[PDB]
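Engineer: Top line first, the protein sequences correspond to chains A, B, C and D.
Position 16 of the first sequence, counting from 1, maps to 10 under my numbering, and the rest follow consecutively.
For any residue, its number in my numbering is found by taking its place in the second sequence, counting from 1, and adding 7.
Position 5 of the third sequence, counting from 1, maps to 2 under my numbering, and the rest follow consecutively.
Position 1 of the fourth sequence, counting from 1, maps to -3 under my numbering, and the rest follow consecutively.
Note that CB positions come from ideal geometry on N, CA and C, so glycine has one too.
A single structure is presented below for examination.
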Amino acid sequence: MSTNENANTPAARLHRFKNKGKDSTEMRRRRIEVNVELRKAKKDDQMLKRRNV
Amino acid sequence: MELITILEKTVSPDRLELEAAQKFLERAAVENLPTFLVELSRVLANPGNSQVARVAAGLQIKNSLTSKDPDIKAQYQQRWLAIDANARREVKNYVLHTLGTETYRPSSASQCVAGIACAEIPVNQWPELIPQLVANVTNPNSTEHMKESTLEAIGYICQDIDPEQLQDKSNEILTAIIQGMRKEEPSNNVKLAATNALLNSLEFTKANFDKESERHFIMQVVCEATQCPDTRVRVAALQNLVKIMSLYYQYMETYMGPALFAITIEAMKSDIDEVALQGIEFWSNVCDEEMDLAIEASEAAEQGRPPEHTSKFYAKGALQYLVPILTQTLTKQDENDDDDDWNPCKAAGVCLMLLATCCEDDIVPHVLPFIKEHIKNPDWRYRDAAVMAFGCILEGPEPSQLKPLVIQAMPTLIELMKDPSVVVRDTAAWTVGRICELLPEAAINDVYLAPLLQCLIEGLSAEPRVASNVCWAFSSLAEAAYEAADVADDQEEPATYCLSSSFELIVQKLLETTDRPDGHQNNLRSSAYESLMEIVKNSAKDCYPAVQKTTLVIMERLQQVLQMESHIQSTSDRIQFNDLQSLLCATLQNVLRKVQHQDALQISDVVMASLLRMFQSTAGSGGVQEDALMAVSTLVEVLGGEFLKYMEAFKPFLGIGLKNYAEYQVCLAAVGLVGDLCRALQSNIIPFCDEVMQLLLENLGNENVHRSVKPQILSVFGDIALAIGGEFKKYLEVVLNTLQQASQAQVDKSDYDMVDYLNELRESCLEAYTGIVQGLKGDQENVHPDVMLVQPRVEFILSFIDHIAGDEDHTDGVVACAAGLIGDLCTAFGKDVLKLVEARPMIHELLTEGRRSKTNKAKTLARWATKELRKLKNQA
Amino acid sequence: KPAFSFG
Amino acid sequence: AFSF
């Protein structure tokens, strides 16, 4: 459907080599998204205690 | 004074003349800009002047017309368009006359033409320019310098215009370019200029490339410049053969067979770097496109529909020719090399990895004899290539037939991680890390588990290029062992796993690896910290006193860093310092998530004092503010209702986190913290919420903040409604009016980058409505009378859910939240809702679409809502 | 000869 | 047709 990222290929493909594509910014944004998802699951769990389904 | 002498003085090495001449040139540009431009055009067009003065004259025109900052470029084009048309015609005439009036080959006139045309081709104020350029190229009466400069001007133009304007004029410049790129031109500079021009003039040539007889000619003429003896022409022709494959797949069936295959293979086998690199990159792009086509061929086949585009399977058909070249290329490695230097040996590994994930189970019988014959070989390049070629093929095929290979390949890699050569050690550490990542249960097997741990603990002390590769293997191994024990150990948390006998000393060696003085090389400090976080998070119940020791050590380090801020002097000091603070904050989060509550109570005051001091003393810098807010959020979550003793000292920092709307990520963290804070503190959040609601309404009032902040504020309004309950009536009318205004907003359907935002805001509004209804409903067995303050809005809410029910495109969270709101409205009021819900059929469609969906919470909430609705309907 | 043109 |  959409289009993937391109950029200049000596810098674009270089982050697929070994463990080059794991700098501090990428690990930080991964730590953002897991932290968001556990809060979402906490709210979804906490809501159903009121309704009793 | 003539300006020629001023330019010659500006080129001169003495600053005593240079600065005065430069200031005179600037004052000439300020005093009368078009007269200065006219005189410089007169200087440029004369063949009798010195070439240095002409190039220095053209430099000012190039600087005046174009710039790299886009707003500066826009106002520069506007200030060009403000000049009278006759003077603009004079400089247009002189600059167009200059082409061909220079014997040197780099010329300023082509870039001057490009800037002039970029300033006014969207307004059609120069119709003669494209016929003049096409006529200059097409004229058979020689002058190679003019032809080269015109083709370079066309190539300069085609990369700077917005493509929607050149779509009008795409029939003539293609004629000029393909006339210039033909085989009979003797000068190779002309061929090189036309070949570099076609690479830019490609995105807006879709109508030409769709017609059969034109694209046949374009492909035939590009397929001749790959056989030029100049080699720069070879590189420039392969470079857009790659782009043609990338953009116009499904046209390539006629050409790929009896042309492009042989060209690309023979380019791969070359001994020149930049010519083999493009031959690798072509097949890498083919492997990208043929994986996307397979994803869509599965997705459409799930719904029973044929897909839009079928694949042709080029990469699967080319394996037996690609693999013996790709393996052989891996040996071309120098005895001294650099990490960031892209080269064909570094490209062949990435192409082999992509080929493995594309072709899957078929790649192994072509790779395995190479590793089998070159694992034992007294030469470090062939052994390093064998280890890398073994490590690339892991993610492709089926693990059930891939684990017996690595089971008997482990004792070779255990020995090979203690090699004389550093490069083989680094590659062996990488392949061991991939073994832990992709095939985890084959590594946990206790035949080789203790020597593997011994090898990794020994290799944590070696060179910085291999310790960093060891750290990711440790991070993967911890999760592998924890998940293997978590299957066995029942309900909550595993009591004892494979690494609990060795968790001590592993943790100690990581804490040693953190404090190396050479930690700035190859991400050593950060990779050690990420490994430490991943090992602490996946610990067993046996390993808890070690976690106590690590908590003490981490808090000691965090107390040390707060005194270190005044010793910073340079930019690199701040760059390393901010990374250190971010890593320490994330490690503190992972420590706080794991410690027991009775021990979590004891460290809380010094943790909040250090977080408050690092929030105060640091001069913003964004990332430490975000990490401080998220660390406080996890501290609030683990501490529960006992957090309120720290609240009144935290309140102004919460306020300034909300009030500062310049950066949106810090206020996103602040509103998420407000949600967590009210959800933890429940009814005790009453005296602090007036400033919070005022700041949230002020943030809703501003119209230049980022759009992504707006969905979260409505959801935390729902959360504070649920936390407060009966005292929400003083804010109820205001938040209901803002919810009405938010629900009455709509946006265009044309882009999914707006449709996704529309779905997100719709989910937020539905969550806010469920929050206010459940908050006013109360916690008792009978509904409170305060729900009847919402009863005029029920028809509005039902019309709103009818309006979203009428749409044909939905995210599943929309129907999942809407079913819950319908259930809340069924429980909220009496039988009067029935004569309103019977009038709209699309909600009854949605309550079946939720149950037939595959996402589980939509099914459960829709079942609950339709159960309440059927219970209400049967009570006639 | 230029021979070919696009239109 | 195509005649490389």
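Taking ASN0(A) as the reference, which of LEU254(B), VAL102(B) and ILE180(B) has the closest Cα?
Structural biologist: Counted from its first residue, the first sequence places residue 0(A) at position 6. The option with the nearest alpha carbon to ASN0(A) is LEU254(B).
Engineer: Figure out for me which residue from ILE272(B), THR834(B), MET540(B) and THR364(B) has the closest Cα to the Cα of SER589(B).
Structural biologist: Position 582 of the second sequence, counting from 1, holds the residue named residue 589(B). Minimum Cα distance to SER589(B) is reached at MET540(B).
Engineer: Take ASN529(B) and list the residues in its own chain whose beta-carbon comes closer than 6 Å to its own, dropping the five residues that flank it on each side.
Structural biologist: Start at 1 with the first residue of the second sequence, and residue 529(B) comes out as number 522. For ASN529(B), where only same-chain residues beyond five positions count, the Cβ hits under 6 Å are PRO471, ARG472 and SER475.
Engineer: What residues of chain C sit near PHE224(B), judged by a beta carbon separation below 8 Å?
Structural biologist: Position 217 of the second sequence, counted from the start, is the residue given in the question as residue 224(B). The answer, in chain order, is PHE1.
Engineer: Under 9 Å, CB to CB, which of the residues in the region 573 to 592 of chain B have a partner in chain A?
Structural biologist: The residues in question are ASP586, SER589 and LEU590.
Engineer: Indicate whether at least one CB of chain A lies closer than 8 Å to the CB of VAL822(B).
Structural biologist: One-based indexing of the second sequence puts residue 822(B) at position 815. With 8 Å as the cut-off, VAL822(B) does not count as an interface residue toward chain A.
Engineer: Apply the 10 Å Cβ neighbour rule to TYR262(B) and answer buried if 16 or more other Cβ atoms are within range, or exposed otherwise.
Structural biologist: Mapped onto the second sequence, residue 262(B) falls at position 255. By the neighbour-count rule (16 or more Cβ atoms within 10 Å), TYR262(B) is buried.
Engineer: Can you give me the C-alpha to C-alpha distance between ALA35(A) and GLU27(A), rounded to a whole angstrom?
Structural biologist: The residue given as residue 35(A) occupies position 41 in the first sequence. The residue given as residue 27(A) occupies position 33 in the first sequence. Their Cα atoms are separated by approximately 13 Å.
Engineer: Starting from the beta carbon of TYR262(B), find every residue of chain D whose beta carbon is closer than 7 Å, and list them in chain order.
Structural biologist: Numbered from its first residue, the second sequence carries residue 262(B) at position 255. Ordered by position in chain D, the residues that pass the 7 Å Cβ test against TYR262(B) are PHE(-2).
Engineer: Give me the chain A residues within the contact set of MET360(B), using Cβ-Cβ distance strictly less than 8 Å, ordered along the chain.
Structural biologist: For this step, residue 360(B) is matched to residue 353 along the second sequence. Those are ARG10, listed as they occur along chain A.
Engineer: Taking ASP38(A) as the query, report the chain B residues whose CB atoms sit under 9 Å from its CB, ordered along the chain.
Structural biologist: Here residue 38(A) refers to the residue found at position 44 of the first sequence. The answer, in chain order, is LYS864.
Engineer: With a cut-off of 8 Å, does the C-beta of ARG23(A) fall near any C-beta of chain B?
Structural biologist: Numbered from 1 along the first sequence, position 29 holds the residue referred to as residue 23(A). Answer no: the Cβ-Cβ gap between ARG23(A) and chain B never drops below 8 Å.
Engineer: Just to confirm before moving on: does the CB-CB distance between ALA553(B) and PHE622(B) stay below 8 Å?
Structural biologist: Taking the second sequence and counting its residues from 1, one reaches residue 553(B) at position 546. Taking the second sequence and counting its residues from 1, one reaches residue 622(B) at position 615. No, Cβ-Cβ distance for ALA553(B) and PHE622(B) is not below 8 Å.
Engineer: Taking all protein chains shown into account, do 16 or more other C-beta atoms lie within 10 angstroms of the C-beta of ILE225(B), making it buried, or fewer, making it exposed?
Structural biologist: Numbered from its first residue, the second sequence carries residue 225(B) at position 218. So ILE225(B) ends up on the buried side.
Engineer: Answer with buried or exposed for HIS604(B), where buried requires no fewer than 16 other C-beta atoms within 10 angstroms of its C-beta.
Structural biologist: Residue mapping note: residue 604(B) aligns to position 597 of the second sequence, counting from 1. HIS604(B) is exposed by the Cβ-count criterion.
Engineer: Is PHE3(C) helix, strand or coil by DSSP?
Structural biologist: By one-based count along the third sequence, residue 3(C) stands at place 6. Of the three classes helix, strand and coil, the one that applies to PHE3(C) here is coil, per DSSP.
Engineer: Have a look at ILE68(B), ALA869(B) and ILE168(B) and flag the residue whose alpha-carbon is nearest the alpha-carbon of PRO129(B).
Structural biologist: Residue numbering aside, residue 129(B) sits at position 122 when the second sequence is read from its first letter. The candidate whose alpha carbon is nearest that of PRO129(B) is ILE168(B).
Engineer: Given a threshold of 16 other Cβ atoms within 10 Å of its Cβ, counted over all protein chains shown, does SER690(B) qualify as buried or as exposed?
Structural biologist: Along the second sequence, read from residue 1 onward, the residue named residue 690(B) stands at position 683. Result: exposed.
Engineer: Determine the closest residue to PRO314(B) out of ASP346(B), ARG61(B) and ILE302(B), with distance taken between C-alpha atoms.
Structural biologist: Looking up residue 314(B) in the second sequence gives position 307. Of the candidates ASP346(B), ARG61(B) and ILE302(B), the one whose C-alpha sits nearest the C-alpha of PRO314(B) is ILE302(B).
Engineer: Between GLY627(B) and chain A, is there a C-beta pair that is closer than 8 Å?
Structural biologist: If you number the second sequence from 1, residue 627(B) lands on position 620. So no, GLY627(B) is outside the interface.
Engineer: Looking at the C-beta of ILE161(B), does it have a partner C-beta in chain G at a distance below 8 Å?
Structural biologist: Among the chains of the structure shown, chain G does not appear; the protein chains present are A, B, C and D.
Engineer: For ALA266(B), decide whether its Cβ has a neighbour in chain D, counting only Cβ atoms nearer than 8 Å.
Structural biologist: Position 259 of the second sequence, counted from the first residue, corresponds to residue 266(B). Yes, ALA266(B) lies at the interface with chain D (some Cβ there is under 8 Å from its Cβ).
Engineer: Is the region 484 to 502 of chain B in contact with the region 545 to 552 of chain B, if contact means three or more CB pairs nearer than 8 Å?
Structural biologist: Enough Cβ pairs lie closer than 8 Å, so yes.
Engineer: Taking the continuous alpha helix (DSSP H) assigned at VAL394(B), which residues delimit it?
Structural biologist: Along the second sequence, one-based indexing puts residue 394(B) at 387. Residues 387 to 399.
Engineer: Suppose contacts are defined by Cβ-Cβ distances below 8 Å. Is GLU210(B) in contact with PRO170(B) by that definition?
Structural biologist: One-based indexing of the second sequence puts residue 210(B) at position 203. One-based indexing of the second sequence puts residue 170(B) at position 163. For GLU210(B) and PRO170(B), yes; Cβs fall inside 8 Å.
Engineer: Between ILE123(B) and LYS99(B), which are expected to be in contact by the criterion C-beta below 8 Å, what is the C-beta distance as a whole number of angstroms?
Structural biologist: On the second sequence, position 116 is the one that residue 123(B) refers to. On the second sequence, position 92 is the one that residue 99(B) refers to. About 7 Å separates the two Cβ atoms, so the contact holds.
Engineer: By how many angstroms is the C-alpha of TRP437(B) removed from the C-alpha of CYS352(B)?
Structural biologist: Sequence index remark: in the second sequence, residue 352(B) carries index 345 (1-based). Sequence index remark: in the second sequence, residue 437(B) carries index 430 (1-based). Whole-angstrom Cα-Cα distance: 16 Å.
Engineer: May I have the straight-line CA-CA distance separating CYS365(B) from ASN(-2)(A), to the nearest angstrom?
Structural biologist: One-based indexing of the second sequence puts residue 365(B) at position 358. One-based indexing of the first sequence puts residue -2(A) at position 4. Each residue's alpha carbon lies about 16 Å from the other.
Engineer: Going by beta carbon distance, what residues of the same chain come within less than 8 Å of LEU518(B), once the five residues before and after it are set aside?
Structural biologist: Translated into the one-based positions of the second sequence, residue 518(B) becomes position 511. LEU539, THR557 and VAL560, listed in sequence order.
Engineer: Can you grab the Cα-Cα spacing for the pair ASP580(B) / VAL197(B), in whole Å?
Structural biologist: The residue given as residue 580(B) occupies position 573 in the second sequence. The residue given as residue 197(B) occupies position 190 in the second sequence. About 50 Å.
Engineer: Between the region -5 to 19 of chain A and chain B, which residues of the former have CB atoms less than 7 Å from a CB of the latter, in chain order?
Structural biologist: Correct list: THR3, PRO4, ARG7, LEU8, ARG10, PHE11, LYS12, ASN13, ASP17 and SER18.
Engineer: Output, in chain order, the set of chain B residues within a Cβ distance shorter than 8 Å of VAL47(A).
Structural biologist: On the first sequence, position 53 is the one that residue 47(A) refers to. Under the 8 Å cutoff, chain B gives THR867 and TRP871.
Engineer: Could you pull the start and end residues of the alpha helix (DSSP H) that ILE287(B) belongs to?
Structural biologist: As a working note, residue 287(B) is residue 280 in the second sequence. Note, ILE287(B): alpha helix (DSSP H), 280 to 309.
Engineer: Just to confirm my understanding: we take residue 933(B), look at its own chain, exclude 5 residues before and 5 after, and list those with CB closer than 7 Å. What are they?
Structural biologist: Outside the displayed range of chain B (8 to 883) lies residue 933(B), so it cannot be described from this structure.
Engineer: Taking all protein chains shown into account, do 16 or more other C-beta atoms lie within 10 angstroms of the C-beta of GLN285(B), making it buried, or fewer, making it exposed?
Structural biologist: The sequence position of residue 285(B) within the second sequence is 278, counting from 1. It is buried - the Cβ of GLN285(B) has at least 16 other Cβ atoms within 10 Å.
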